[PDB]
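Below, in structure tokens: the form deposited in one PDB entry, a single chain.
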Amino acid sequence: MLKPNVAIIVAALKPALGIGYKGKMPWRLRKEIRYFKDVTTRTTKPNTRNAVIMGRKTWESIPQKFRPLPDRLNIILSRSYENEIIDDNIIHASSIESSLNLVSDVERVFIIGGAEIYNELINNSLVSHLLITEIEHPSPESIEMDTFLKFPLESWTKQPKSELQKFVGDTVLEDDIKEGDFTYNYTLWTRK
């Protein structure tokens, strides 16, 4: 795969864009988790799959019985990894571009975490799309949080819902989804 268009997909709590606490997610949003599964899995043409790329810490935070994430090519980045094809579902590498070099029959490429990876790749021109689940809470400062996105969104344009709908195909997009004290919306951003 040469110069793939890449999408960041993330769920973040406004206004600070917190995404984690001591190596874990600060919430469990069932519908959001299903959205993530559906969007990263879905392909528009037959006989392809998508790639999901993540940092070593995020990979390790998926319980071992539940990785690799099914139906997607999983790529894990570590500074200690030489290039290695582990199996048909798992690749080890030290950059996104090198990891995708011998990869074929992949449609979309998603960056799925975590903070360090997101905060590097936001300034990688291969990333053309941000799929940000914008989470709100009445008292956001009360949620324990130590891990944040550093996204210069001034350089980005939040697209209308019609663009997000086109991107996700027939995936149902509900507005102002409420779980416990959290309210959320799915968004799509592109570069200016």
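The first residue of the shown sequence is 1; numbering continues from there. Each form is matched to the other, and the largest set of C-alpha atoms that superpose within 1.5 Å is called the rigid core.
The same protein has a further form, the form deposited in another entry, not shown here; the description that follows concerns it.
The one residue among 109, 100, 77, 112 whose Cα position changes by 2 Å or more between the shown form and the other one, with the core held fixed by superposition, is 100. The pair residue 111 and residue 103 approaches in that other deposited form: their C-alpha atoms are at least 3 Å nearer to each other than in the form depicted.
In comparison with the shown form, the Cα-Cα distance of residue 102 and residue 55 decreases by at least 3 angstroms in that other deposited form.
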